[PDB]
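Two forms of the same protein chain are encoded below as structure tokens; each is given separately, as structure 1 and structure 2.
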Structure 1
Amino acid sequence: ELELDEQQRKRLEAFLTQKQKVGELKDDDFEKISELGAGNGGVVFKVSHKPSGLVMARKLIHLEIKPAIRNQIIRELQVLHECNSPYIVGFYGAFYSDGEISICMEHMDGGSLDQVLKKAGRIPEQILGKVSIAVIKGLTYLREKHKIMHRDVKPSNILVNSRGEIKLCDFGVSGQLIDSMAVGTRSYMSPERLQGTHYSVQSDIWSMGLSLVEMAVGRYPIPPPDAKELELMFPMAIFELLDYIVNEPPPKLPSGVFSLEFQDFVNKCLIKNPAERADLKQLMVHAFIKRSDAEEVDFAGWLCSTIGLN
């Protein structure tokens, strides 16, 4: 899982070689190309780094804070330079300028999976098999190589591109940034996290499981759809919704339309007891993942056709 093929090794080396040419990121060295979309507490733009000519994704987080606080956030974000993986979005740098922190990243031309889902309606099982592999490996990388968990897996934090790559972003690195921003949705949080009890990487596995169900059925799955709505397919307030997650049984895929391997996979992800819930090691050898890994699915081609990359 941690071991890479030669295509992934070549691309990661190519990213770093280009990154070494960039140097120190400055506010005036960026030109706006387009707005990509309003995300977690800030607007993300597609931008050109004028000196290097590199296209980037730039998230601007508007905050009014003193030089002490903001300079601590920039040094905390420097660990993202070390997070080098085919399943983690590339980091160029971070800086402060005129009342707003900037985070500059690798541009992913396919966007996030909430955008792809909204375009697709629902995502096919075999496509979600490749999504599952990438999230597991991305989470395995952060945990093994950095002793880090994500803390915020959701469709908007899974980015994709026309080269067929699927990557994670917005994992917890800066404690001070979360303090100063305090925001994001808690609707993908695990029941034990919403109860404020012993939570770990198992909490991200729930979030993946729930995200996969949403992408599979084409709708955030809590509360469950009706028997009539499932036939048509194939309002709770946020506080009422978070109480439902803690108190009611977990969501499941509908039977018949998905394979029992995929149903079992998401079920093992959504067991409410984190001890009983499957771990990354167990999920990596799961029947769904083994089958998915063997399947030669053209994700890039599927993506481009679905979102209209001409």
Structure 2
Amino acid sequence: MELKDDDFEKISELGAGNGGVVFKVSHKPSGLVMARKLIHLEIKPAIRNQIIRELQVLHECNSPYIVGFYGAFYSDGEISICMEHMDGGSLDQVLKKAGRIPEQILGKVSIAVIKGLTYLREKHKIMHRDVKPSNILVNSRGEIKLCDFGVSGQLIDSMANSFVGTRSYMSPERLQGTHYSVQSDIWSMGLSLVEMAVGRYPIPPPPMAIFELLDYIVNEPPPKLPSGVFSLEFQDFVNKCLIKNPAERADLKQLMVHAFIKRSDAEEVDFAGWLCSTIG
């Protein structure tokens, strides 16, 4: 869209994670209100421009289930990724205001997440590589969209994601040296669903620093939903997502026809209204 740091004006901070900070900004010359993610990396100009070059592909993403992209550029040691502003935030934020999320809302989220993944896989042959509650954004129109996926191979390598932060959604196969695949996103999604359903990160079942957590994941059995509160469909769905053997774990075709999804797809759920009310 042709953006440059002076076009912008800061409205407020939407939040920060381990690797960056996101601002709600005004893009003055167009009038657009967007979210601006700033990423700071101590890398040589060569690979940096390679990142901005690779990030340019986000322009060709165009799906109801994928967050909107406006442009990526570099300035002042910061890489800027400029997005559709999502007025409802991430599901990780909603989760703090709501404590936990209803399995009917979660069925809608799953249908969104599944469709978004398939879109990225069918249309761009990229895997998401970071499906978690904080990377699922919602807005007051009741839309549910994925962001922060691995569009840039250079950017992935530079961020050394795997050891940072306190929670991990990495799958067993990956932490045992397997090549990355869509199955690994299924595991992430199920672990996400469990976390959003019960209201806390499932591993371990009710201090653990990253490496122990990672060891715990490849060794202990997978997390499961509690015993009385959720339908037996929702927990078979989540169970089929968290099968430790990627061979057995369900795939997107299978999940899309699972009992839980068929029902959720039919249930008349007012997500926007549930949202503006849970957080207003």
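Here, a residue number simply tells you its place in the sequence of structure 1, counted from 1. Superpose the two forms; the largest set of C-alphas matching within 1.5 Å is the rigid core.
Asks: Give the option from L63, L36, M284, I271 whose C-alpha shifts by 2 Å or more between structure 1 and structure 2; the alignment is on the rigid core.
Replies: C-alpha shift of at least 2 Å: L63.
Asks: Rigid-core fit: what Cα movement does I73 have between structure 1 and structure 2, in Å to one decimal?
Replies: Comparing the two forms, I73 shifts 1.3 Å at C-alpha.
Asks: Relative to the superposed core, what is the Cα shift for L177 between structure 1 and structure 2, in Å?
Replies: Its C-alpha position differs by 2.1 Å.
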